[PDB]
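A quick write-up on the structure given underneath.
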Amino acid sequence: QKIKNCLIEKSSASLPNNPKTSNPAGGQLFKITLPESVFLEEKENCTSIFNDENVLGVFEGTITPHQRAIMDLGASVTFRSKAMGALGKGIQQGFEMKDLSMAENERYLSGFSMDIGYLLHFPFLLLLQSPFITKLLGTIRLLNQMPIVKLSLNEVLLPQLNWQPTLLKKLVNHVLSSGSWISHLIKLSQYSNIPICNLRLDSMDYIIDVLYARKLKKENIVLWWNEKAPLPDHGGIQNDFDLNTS
Amino acid sequence: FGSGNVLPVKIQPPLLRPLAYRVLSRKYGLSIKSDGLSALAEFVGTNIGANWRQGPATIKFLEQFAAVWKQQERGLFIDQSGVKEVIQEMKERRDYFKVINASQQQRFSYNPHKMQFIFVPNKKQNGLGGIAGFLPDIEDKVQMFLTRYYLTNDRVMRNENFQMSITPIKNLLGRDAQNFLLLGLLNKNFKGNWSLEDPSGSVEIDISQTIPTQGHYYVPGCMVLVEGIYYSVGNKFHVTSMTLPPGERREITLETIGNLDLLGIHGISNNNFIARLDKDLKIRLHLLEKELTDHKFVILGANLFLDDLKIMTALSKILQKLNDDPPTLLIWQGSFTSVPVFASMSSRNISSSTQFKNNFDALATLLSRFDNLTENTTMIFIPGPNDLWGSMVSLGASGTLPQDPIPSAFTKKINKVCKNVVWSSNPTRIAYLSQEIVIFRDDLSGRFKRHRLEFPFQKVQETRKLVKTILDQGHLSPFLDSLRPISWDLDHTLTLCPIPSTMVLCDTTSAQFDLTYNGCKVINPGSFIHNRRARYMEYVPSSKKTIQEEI
C-alpha cells in the first residue's frame, strides 16, 4: 500500500497455542510498527491493512505506551543523544524516545532525602491512603498534577458502639508506619527496576508479570499480554465458546 | 348502576332467588351458588326502595349480570366474585402493551405429520419446581435440531418455485447417476470432512468445483439447498450449485398457521383450546395510525460503560434533552461494565460485585434530577456479555444465548427513583398493539466473518448480507451447539418463523444501517461512543427514524 509512514517486516515470532487454532497452513506474520496518532487516524477510514479481508488477528493491541516504556527502559533511563545538541530542543518539546534510548544499570536507585506527607480517608511525594483512589483523584483535579504513591488499605469496619477508641487505634498505626512503608518500597524497587510510584506494596503479581514479559521479549515469543481482562489476548479467537477450553 | 334512593334495606335471599333463577338458570346460564346468591343481594339492595313489585329494573340488572358472563369466559359456578364482575360493569359505564422475556414466553412444538403447532404446558405453573424446575430433560437435546429442520423444510416445500423436488439423502444409496436436490445441515464429520446431514442420514460433500450463489453467508450449522451428482464408487455428492432456503413474509406465513396468538396479547392458550382473532386487527391498525405520532421510544447506542466518567457525563447531557420531551420507552442496552466481574480472589481492593452494585447506585443520583423522565417514561434494561452471572463462568466470552436478567439484589433502589423499569433477557419481544419487536444484542458480523466456508475458486453490502442470512434462515443462531450452547427448552425464543415487523439488531462490529426486507425493518444501533461522539437513534412506530448526536 505504501500509504502509511510505518515500518512493516516479515517476522517469525513464536505464537501462542490456542486449542481451537491448530491448522499450520503457512507463516506470514508481520511486525508493523506505527505511531499511535496516525493509528487513531487510520481507525477512521474504511480501507486499510489492519481492517481488510483475510485478517487472522491482531496480537498486541492491548499494551499501552506506559507499559511499553516501563518494560523497555525501566527506572534508570539515560540520554545517548550526541549528534546535534538538542537537549534544549528535547526539553522544550516532547523527547521522542524510539530513535535514542539506553537503559543504564540501576544497582543504586536513590540515596533518599525528601519530604513525605499523608492523606487518608475512613468512610512533593505525597502518599495516598484512600478506599477510592479514582473518586478522590477526580474530585480534586489539582491532585492529578502532583506525584503520589498510592497505597490502599480498604474496607474500614466499625463495631457501632464506642467507636472513638478504635478509630484512634486505627489512626495510630497508620501514623507510625511511615518509616516502614518507604523502606520496604525502596527495598522492592531497588531489585524490581520498576519506578517507585508506579509500584505498589501489596501488588506482587505485577513484578512477576513485568519480569516474565521482559525476559520473554529477550526471546522472540509474543507476549499475549492483556490489560484488565481475565482472558488472554489471542487475537480475538478467545471471544468464542470452545469445548476444550471449557 | 344508580344511587340516591332512600336507604339499603336488608332482605334475605330466599325472597330474591326465584327471579334470578328464572332469568339465569332456565333461559341462558346456570349455577347460582348460595354464596354467589348472597353476594348478589347487596347491589340489588342498594337500590331496594320500592321494588320486587316494579317493572324492568330487576330484569335489566340480571340481563346486565349475564352480559359479563357472555363476554368473559368465566365458568359455571357463581362465587364471591359476583361483586367483582359488577365492579367491571360499573367500570364499563396507552394499554395492552407488554414486554415478553425469554422465560415467560409461551412454548409451541410442531408436528410434521400434522403440519400444525401443538401447545406445550409450562413446567413452572404445574410442576413444583421448588428446588429444580428450570432444568430441561434429555429428550429436548434429541429434538433441538429436528425442530429446526422441520420448520425450514415445511417452508421450502411450500415455496412456489419448488413443486426438482427435495429428496431424502438415503434415497441416494443405490443411484449411480442423475441429479438430486438435498437440504440439510452443513457441518464437519468426525473425520474432518465437509458433510450434509438430514434426519434420514448423512453424506460427504465435495466443494472442489462448487459455484455458490453470492449474496449471503455460508457458515457451518445452517440449512443449505444444494444440487449435484452422487457417485457410488465412493460415497460423495459432487456439488455444482449452492444456495440458501428462500425467505417467507409474515402475511403469507400467518395464513398457514391460521391466526395463532403466539405472542398472545388478545388472550392466552392452554392444553385445551387455542386462540385466534382477526376483526380486532383492522381496528387496531386504525388506532396505530389514529394520529398517535406523539409516541416516541428510543434505543440508545449499545455498549455504554458506567464505570467510565466521560460516558456518564455524555449520558447526563443526553438525558438533559430527553427530559424536555419524555420518550414513550427508553431502552438501555449493552454491557454495563467495562470489565468482566468474577470471583475476585483478592480482597485487598473492593470486590467486583460490590463495585457492580456501586456503579448501579450512581445511576440513581444521575436519574433523580430529571423528575419528568421518571414520571412518564418506561425503561427497558438489556443485559450484555460482561454482566454479573454470565461473566462468572464465561469470563467475558459469549456463551448461552438465553441470558437471564440482572439480579434484583444488586440493583434495588433504581426501582424507587424511577417509576417504570423492567429488566429483560438478552432476546426479548416487545408487543406494542399490532406490532412485535425483537431485541437482540450480540456481535454477529465478527462471527460471520471468522467462520465462512471459503469456497475454492461499499462496506454496507455486508449489512445486507447479514440481514438476508438472518432473515432467510429464520433463526437468530445459524450456528452449531459447539460455537454457542443453547438452552434446550428455550430454543423457540430464537426461531423466527413469523418474521417480526420490527427488528433491533445491534452489533458493535458492524456499522449502523437501516434496511427493509420481506415485510420487516432492521435497524442497527451500536457503539454508543465513537470518534469522541456519542450517538443515539430514535424510531417511531409509523416507520420513520432519526439519529441524534451529542459529542
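Chains: A, B, ... in order of the C-alpha cells. Residues: from 1 per chain. Ligands: from 1, in order shown.
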
Chain B contacts on chain A, only C-alpha atoms, 9 Å, as a list in words: residues 44, 46, 53, 56, 131, 132, 152, 153, 154, 155, 202, 228, 229, 230, 231, 237, 238, 239, 240, 241, 242, 243 and 246 of chain A

Distance query region 39-43 of chain B at most 12 Å, only C-alpha atoms, self and fewer than 2 positions along chain excluded, as a PyMOL selection string: chain B and resi 1-3+7-17+19-20+32-37+45-48+58+61-62+65+78-87+89-90

Contacts of region 218-220 of chain B within 9 Å, only C-alpha atoms, excl. fewer than 2 positions in-chain, as a PyMOL selection string: chain B and resi 185-188+216+222-224+243-244+448+451-454+469+478-480

Just write the chosen residues, N, CA and C atoms, as a short mmCIF file (atom, residue, chain, number, x, y, z; two decimals), in the first residue's frame.
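What ended up in result_11.cif:
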```cif
data_model
loop_
_atom_site.label_atom_id
_atom_site.label_comp_id
_atom_site.auth_asym_id
_atom_site.auth_seq_id
_atom_site.Cartn_x
_atom_site.Cartn_y
_atom_site.Cartn_z
N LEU B 185 -28.31 -29.76 7.21
CA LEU B 185 -27.23 -29.10 7.93
C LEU B 185 -25.90 -29.29 7.22
N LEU B 186 -25.16 -28.20 7.10
CA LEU B 186 -23.77 -28.24 6.65
C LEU B 186 -22.86 -28.26 7.86
N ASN B 187 -21.99 -29.27 7.94
CA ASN B 187 -21.12 -29.40 9.09
C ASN B 187 -19.86 -30.16 8.70
N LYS B 188 -19.08 -30.52 9.71
CA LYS B 188 -17.89 -31.33 9.52
C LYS B 188 -18.03 -32.65 10.27
N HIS B 216 -25.06 -13.86 0.26
CA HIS B 216 -25.33 -14.27 1.63
C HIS B 216 -24.11 -15.03 2.17
N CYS B 222 -26.01 -24.35 9.43
CA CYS B 222 -27.20 -23.75 8.85
C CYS B 222 -27.70 -24.59 7.69
N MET B 223 -29.01 -24.49 7.42
CA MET B 223 -29.63 -25.23 6.33
C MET B 223 -29.16 -24.66 5.00
N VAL B 224 -28.89 -25.54 4.04
CA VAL B 224 -28.41 -25.15 2.72
C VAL B 224 -29.11 -25.99 1.66
N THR B 243 -27.00 -22.69 -2.51
CA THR B 243 -27.84 -21.53 -2.22
C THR B 243 -28.34 -21.69 -0.78
N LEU B 244 -29.25 -20.82 -0.37
CA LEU B 244 -29.89 -20.89 0.94
C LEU B 244 -31.40 -20.93 0.74
N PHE B 448 -19.65 -14.12 11.75
CA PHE B 448 -19.84 -14.46 10.34
C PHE B 448 -18.53 -14.39 9.57
N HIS B 451 -15.99 -17.31 10.50
CA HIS B 451 -16.40 -18.67 10.12
C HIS B 451 -17.14 -18.60 8.79
N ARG B 452 -16.42 -18.83 7.70
CA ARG B 452 -17.01 -18.94 6.37
C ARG B 452 -16.50 -20.21 5.70
N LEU B 453 -17.27 -20.70 4.73
CA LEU B 453 -16.91 -21.95 4.07
C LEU B 453 -15.65 -21.79 3.21
N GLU B 454 -15.43 -20.60 2.64
CA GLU B 454 -14.23 -20.30 1.87
C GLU B 454 -14.07 -21.26 0.68
N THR B 469 -29.13 -13.33 5.42
CA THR B 469 -28.91 -14.63 6.05
C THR B 469 -29.78 -14.80 7.28
N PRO B 478 -27.63 -19.22 13.55
CA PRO B 478 -27.26 -20.16 12.48
C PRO B 478 -25.93 -20.86 12.75
N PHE B 479 -25.77 -21.37 13.96
CA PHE B 479 -24.51 -21.94 14.41
C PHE B 479 -24.76 -23.25 15.15
N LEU B 480 -23.75 -24.11 15.13
CA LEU B 480 -23.85 -25.38 15.83
C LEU B 480 -23.79 -25.17 17.34
#
```

Strand (DSSP E or B) per DSSP on the backbone: members of region 81-287 of chain B, as a PyMOL selection string: chain B and resi 98-100+108-111+116-119+166+180-188+194-198+201-206+212+223-231+236-243

Can you spit out the residues from that selection as a compact mmCIF listing (two decimals), in the first residue's frame, using N, CA and C atoms?
```
# COMPACT_ATOMS: atom_id res chain seq x y z
N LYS B 98 -46.92 -4.92 26.18
CA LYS B 98 -46.18 -5.71 27.14
C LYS B 98 -44.76 -5.95 26.62
N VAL B 99 -43.89 -6.42 27.51
CA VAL B 99 -42.54 -6.84 27.18
C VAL B 99 -42.40 -8.28 27.65
N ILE B 100 -42.13 -9.19 26.72
CA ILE B 100 -42.07 -10.62 26.99
C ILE B 100 -40.61 -11.03 27.04
N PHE B 108 -44.32 -23.64 22.00
CA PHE B 108 -45.12 -24.32 20.99
C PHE B 108 -44.23 -25.28 20.22
N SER B 109 -44.63 -26.55 20.16
CA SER B 109 -43.95 -27.54 19.35
C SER B 109 -44.64 -27.63 17.99
N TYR B 110 -44.05 -28.40 17.08
CA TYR B 110 -44.56 -28.53 15.73
C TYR B 110 -44.59 -30.01 15.38
N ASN B 111 -45.73 -30.48 14.85
CA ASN B 111 -45.86 -31.87 14.45
C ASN B 111 -45.76 -31.97 12.93
N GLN B 116 -48.87 -28.75 11.95
CA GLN B 116 -49.57 -27.88 12.89
C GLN B 116 -48.79 -27.74 14.19
N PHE B 117 -49.05 -26.65 14.91
CA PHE B 117 -48.36 -26.37 16.16
C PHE B 117 -49.16 -26.88 17.35
N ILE B 118 -48.46 -27.55 18.25
CA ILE B 118 -49.12 -28.17 19.43
C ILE B 118 -48.63 -27.43 20.65
N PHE B 119 -49.51 -27.21 21.60
CA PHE B 119 -49.10 -26.40 22.75
C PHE B 119 -48.25 -27.23 23.67
N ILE B 166 -37.05 -31.79 -3.35
CA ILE B 166 -36.03 -32.20 -2.39
C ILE B 166 -36.19 -33.67 -2.06
N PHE B 180 -29.95 -34.50 -7.86
CA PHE B 180 -30.74 -34.50 -6.64
C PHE B 180 -30.65 -33.13 -5.98
N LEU B 181 -31.71 -32.76 -5.28
CA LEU B 181 -31.78 -31.51 -4.53
C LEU B 181 -31.82 -31.85 -3.05
N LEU B 182 -30.69 -31.66 -2.37
CA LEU B 182 -30.52 -32.07 -0.98
C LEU B 182 -30.60 -30.84 -0.08
N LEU B 183 -31.36 -30.96 1.01
CA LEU B 183 -31.48 -29.91 2.01
C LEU B 183 -31.06 -30.47 3.36
N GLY B 184 -30.13 -29.80 4.03
CA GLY B 184 -29.72 -30.27 5.34
C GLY B 184 -28.65 -29.41 5.97
N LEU B 185 -28.31 -29.76 7.21
CA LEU B 185 -27.23 -29.10 7.93
C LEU B 185 -25.90 -29.29 7.22
N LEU B 186 -25.16 -28.20 7.10
CA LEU B 186 -23.77 -28.24 6.65
C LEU B 186 -22.86 -28.26 7.86
N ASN B 187 -21.99 -29.27 7.94
CA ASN B 187 -21.12 -29.40 9.09
C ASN B 187 -19.86 -30.16 8.70
N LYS B 188 -19.08 -30.52 9.71
CA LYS B 188 -17.89 -31.33 9.52
C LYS B 188 -18.03 -32.65 10.27
N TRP B 194 -16.13 -32.13 5.07
CA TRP B 194 -17.39 -31.41 4.96
C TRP B 194 -18.52 -32.37 4.60
N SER B 195 -19.66 -32.19 5.26
CA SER B 195 -20.76 -33.13 5.10
C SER B 195 -22.09 -32.42 5.27
N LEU B 196 -23.14 -33.08 4.76
CA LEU B 196 -24.51 -32.62 4.86
C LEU B 196 -25.32 -33.67 5.60
N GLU B 197 -26.23 -33.22 6.46
CA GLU B 197 -26.98 -34.11 7.33
C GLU B 197 -28.45 -33.75 7.35
N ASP B 198 -29.31 -34.76 7.23
CA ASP B 198 -30.75 -34.63 7.34
C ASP B 198 -31.24 -35.72 8.29
N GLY B 201 -30.31 -39.24 7.23
CA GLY B 201 -28.93 -39.71 7.26
C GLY B 201 -27.94 -38.59 7.02
N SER B 202 -26.80 -38.95 6.45
CA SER B 202 -25.72 -38.00 6.20
C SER B 202 -24.92 -38.43 4.98
N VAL B 203 -24.20 -37.47 4.39
CA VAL B 203 -23.39 -37.71 3.21
C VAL B 203 -22.22 -36.73 3.20
N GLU B 204 -21.10 -37.16 2.63
CA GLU B 204 -19.95 -36.28 2.46
C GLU B 204 -20.16 -35.38 1.24
N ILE B 205 -19.50 -34.23 1.25
CA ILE B 205 -19.72 -33.19 0.26
C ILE B 205 -18.38 -32.77 -0.33
N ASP B 206 -18.35 -32.57 -1.65
CA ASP B 206 -17.16 -32.13 -2.37
C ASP B 206 -17.37 -30.69 -2.84
N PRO B 212 -20.97 -21.05 -5.73
CA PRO B 212 -22.04 -20.61 -4.84
C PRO B 212 -22.77 -19.39 -5.37
N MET B 223 -29.01 -24.49 7.42
CA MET B 223 -29.63 -25.23 6.33
C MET B 223 -29.16 -24.66 5.00
N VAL B 224 -28.89 -25.54 4.04
CA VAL B 224 -28.41 -25.15 2.72
C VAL B 224 -29.11 -25.99 1.66
N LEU B 225 -29.54 -25.35 0.58
CA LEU B 225 -30.02 -26.05 -0.60
C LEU B 225 -28.85 -26.33 -1.53
N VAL B 226 -28.70 -27.58 -1.95
CA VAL B 226 -27.55 -27.99 -2.74
C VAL B 226 -28.01 -28.86 -3.90
N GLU B 227 -27.21 -28.86 -4.97
CA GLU B 227 -27.50 -29.61 -6.18
C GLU B 227 -26.22 -30.24 -6.71
N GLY B 228 -26.33 -31.47 -7.22
CA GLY B 228 -25.17 -32.15 -7.77
C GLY B 228 -25.43 -33.56 -8.27
N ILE B 229 -24.40 -34.41 -8.21
CA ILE B 229 -24.49 -35.79 -8.67
C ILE B 229 -23.81 -36.68 -7.65
N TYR B 230 -24.40 -37.85 -7.40
CA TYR B 230 -23.91 -38.79 -6.40
C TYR B 230 -23.10 -39.88 -7.09
N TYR B 231 -21.94 -40.19 -6.53
CA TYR B 231 -21.07 -41.23 -7.08
C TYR B 231 -20.97 -42.38 -6.09
N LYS B 236 -19.90 -39.92 -2.26
CA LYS B 236 -19.66 -38.49 -2.42
C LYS B 236 -20.71 -37.86 -3.31
N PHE B 237 -21.20 -36.70 -2.87
CA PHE B 237 -22.14 -35.88 -3.63
C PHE B 237 -21.38 -34.69 -4.20
N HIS B 238 -20.98 -34.78 -5.47
CA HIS B 238 -20.20 -33.73 -6.11
C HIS B 238 -21.11 -32.55 -6.39
N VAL B 239 -20.86 -31.44 -5.69
CA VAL B 239 -21.74 -30.28 -5.76
C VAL B 239 -21.43 -29.44 -6.99
N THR B 240 -22.49 -28.93 -7.62
CA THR B 240 -22.36 -27.97 -8.71
C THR B 240 -23.04 -26.63 -8.44
N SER B 241 -23.89 -26.53 -7.42
CA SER B 241 -24.58 -25.29 -7.09
C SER B 241 -24.91 -25.28 -5.61
N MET B 242 -24.94 -24.09 -5.02
CA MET B 242 -25.24 -23.94 -3.60
C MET B 242 -25.99 -22.64 -3.38
N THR B 243 -27.00 -22.69 -2.51
CA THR B 243 -27.84 -21.53 -2.22
C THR B 243 -28.34 -21.69 -0.78
```

Test item, helix (DSSP H, G or I) assignment across region 84-141 of chain A, answer as a PyMOL selection string: chain A and resi 87-92+133-139+141

Pick from A:57, A:16, A:90, A:85, whichever lies nearest to residue 232 (chain A) using only C-alpha atoms: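 Residue with the minimum atom-to-atom distance to residue 232 (chain A): A:16.
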
Length of the CA of residue 291 (chain B) to CA of residue 330 (chain B) vector [Å]: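 About the pair CA of residue 291 (chain B) and CA of residue 330 (chain B): they are 21.3 Å apart.
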
Within 8 Å of residue 116 (chain A) using only C-alpha atoms, minus same-chain residues under 6 positions, as an MDAnalysis selection string: chainID A and resid 124:127

Write the selection just made, keeping N, CA and C atoms, as a JSON list (two decimals), in the first residue's frame?
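Dumped to part.json:
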```json
[["chain", "number", "residue", "atom", "x", "y", "z"],
["A", 124, "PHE", "N", 6.20, 17.27, 45.57],
["A", 124, "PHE", "CA", 6.19, 16.57, 46.85],
["A", 124, "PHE", "C", 5.56, 15.18, 46.72],
["A", 125, "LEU", "N", 6.25, 14.18, 47.28],
["A", 125, "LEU", "CA", 5.86, 12.77, 47.14],
["A", 125, "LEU", "C", 4.84, 12.44, 48.23],
["A", 126, "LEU", "N", 3.60, 12.85, 48.01],
["A", 126, "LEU", "CA", 2.52, 12.51, 48.93],
["A", 126, "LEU", "C", 2.17, 11.03, 48.81],
["A", 127, "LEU", "N", 1.73, 10.44, 49.92],
["A", 127, "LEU", "CA", 1.27, 9.06, 49.94],
["A", 127, "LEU", "C", -0.25, 9.05, 50.08]]
```

Shell of 7 Å around residue 305 (chain B), only C-alpha atoms, local chain residues under 4 positions omitted, as a ChimeraX atom specification: /B:311,335-338

CA of residue 192 (chain A) to CA of residue 144 (chain A), distance in Å rounded to a single decimal: 25.1 Å

Test item: residues at most 8 Å from residue 151 (chain A), only C-alpha atoms, excluding those fewer than 3 positions along its chain, as a list in words: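 Close residues of residue 151 (chain A): residues 127, 128, 129, 130, 200 and 201 of chain A.
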
Within 8 Å of residue 505 (chain B) using only C-alpha atoms, minus same-chain residues under 5 positions, as a PyMOL selection string: chain B and resi 439-441+522-525

Shortest interatomic distance to residue 245 (chain B) - which of B:178, B:303, B:152, B:358, counting only C-alpha atoms: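 That would be B:152, the residue with the smallest distance to residue 245 (chain B).
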